[PDB]
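One chain follows as structure tokens, the form deposited in one PDB entry.
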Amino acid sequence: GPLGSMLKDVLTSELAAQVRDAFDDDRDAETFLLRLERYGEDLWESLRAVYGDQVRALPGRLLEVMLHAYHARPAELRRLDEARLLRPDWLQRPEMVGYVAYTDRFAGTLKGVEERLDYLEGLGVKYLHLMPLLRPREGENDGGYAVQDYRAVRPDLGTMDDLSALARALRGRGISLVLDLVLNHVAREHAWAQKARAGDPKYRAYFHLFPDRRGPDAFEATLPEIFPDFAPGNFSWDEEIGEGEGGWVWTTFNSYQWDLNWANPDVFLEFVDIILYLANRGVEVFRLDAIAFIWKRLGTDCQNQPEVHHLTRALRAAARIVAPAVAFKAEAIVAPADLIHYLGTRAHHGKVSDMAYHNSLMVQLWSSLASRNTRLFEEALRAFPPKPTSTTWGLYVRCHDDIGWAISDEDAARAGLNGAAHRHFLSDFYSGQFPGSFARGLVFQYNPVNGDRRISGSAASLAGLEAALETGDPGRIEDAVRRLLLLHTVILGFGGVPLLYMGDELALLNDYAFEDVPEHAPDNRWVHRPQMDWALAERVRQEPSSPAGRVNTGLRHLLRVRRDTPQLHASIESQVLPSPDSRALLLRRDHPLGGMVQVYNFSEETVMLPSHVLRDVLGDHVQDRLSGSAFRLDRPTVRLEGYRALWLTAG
């Protein structure tokens, strides 16, 4: 009413005054103001949803961080902002291709990366995610995900100026720098944690600390265990907490990763500052690491609480008011209907993130490779609500983490399967325990209480290459190469940015030497985090007929077709076309210039696919974009040899 309305007016006009006061150039003030008008309601409503009236003291402080970041943003990045505003579908173009690497494993240092841009450009890479490169704790640091200082690059990789210089060289090649924002937890050695331990109450309030077991036990009742072999439960005892004996601290992950307290707005301010600081060094996309974890609530699993989307929307709005070029990419392992909320809901609230990982496609790819059955794949995809058309999936075959079998019991039941049975089969199959399996993976985090297993292993080791090369059998080798090209064809065709994992283009196998590095030996995920093999990269260039060279050549050809297929624009989602044969997966993509059906054989067997299912969509005469060749669809069958993929359009 009038009283409420009057207060709101005084606030709006106070925000306006602080912005106008802050610029001598009026165009700057007016621009800032136009962005605050576009994003302000998202920003502030999101903040009051999480923090209530505490927020009323917040705009002042938040606007200070943003105004200064805006003044500090290099003219070349303000030009980038304008360029992105002019091309809002930039992430959705078929020419978008991602590459993911640890700086040192790929090229030694940030300057080393500059020396391999011709390599990335020759793969048509336009999006480079460098794994956590901010200064971590010494020793074991969860492969960089235990950050000790967000304002420094790990010294062996270089300095913040090399990072900035790298981002400039990348922009010269049309490549966007993408980094992790490790926002759920810091290293126990981070200054915030050191001061919490020394007794500073401001910094004790940045964490979830407990004088004894009463709180910890109460939470543990409803929490899963992420790393039972590294750090049991979700709380760790630290002697140096408090003045007396120590205390308990929330540690979802390793004991040396302390979960931050996002119920404190100071933590929100710190991360606004970190994001804007890194954006001003040329960072274009932030991967929100462990985003589902940031809000704790007694009685729940402390994942995917509503506050997570409020905070994510507010962090995004604050960032883009200053730097419209920056986009966000949620990493979240949750049911499909929930994942869509990490993107946005096309309703009364703003977009939450620009991209999210499609974990379900990755799991179904490996699941159907093992079962040679696509019915589960169809039902898992069918469970997804549509995404907002302006948001984009990140698709992947492998990445730095183990594989969790996120298969829903409901999806499984619709495909005639028992979910628990099938998840159990997938870890037996991918650990190589199932007879005849082609896979050479490793069990990760076996949980004796409930039987849960995940799997580590490189794409080429999981897809049969390592086993096939031991035997020498030419048929086992050919099938493994075909499986690797099939997996990559799906992620390149599905709609979204395909995130190639460093070295998969050379079919790198498990690196069992991780056992010889004491800091890596307890964590078999290092098995699929190899050093780049440049000697191999040069052999495949000069001799492409080896198994690695046929993966390489095949993948480069698929990348070229992807770039030239307008049906792959990510604003359009792939839909299941129900297959008459359980060895094949059919995906339909409508598009202004004519529909596409992608056809995938998930079996080594020759499939005679009944033609009518395809003819009904595309008519009598089609072309395959992948091989150039033709099919008449008025014939009874289309012959798919083992692992054949087709990208069919009319013609």
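By rigid core we mean the largest C-alpha set that fits within 1.5 Å across both forms. The first residue of the shown sequence is 1; numbering continues from there.
Below, we refer to the form deposited in another entry, which is not included among the displayed structures.
When the two forms are superposed on their rigid core between this form and the one not shown, the C-alpha shift of 2 Å or more among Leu618, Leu587, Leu58, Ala584 belongs solely to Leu58. When two forms of a protein are overlaid on their rigid core, residues whose CA moves 2 Å or more are considered shifted, and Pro388 is not one of them between this form and the one not shown. Once both forms are fitted on their rigid core, the CA atom of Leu269 lies 2 Å or more apart between this form and the one not shown. After superposition on the rigid core, displacement of the C-alpha of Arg560 between this form and the one not shown stays below 2 Å.
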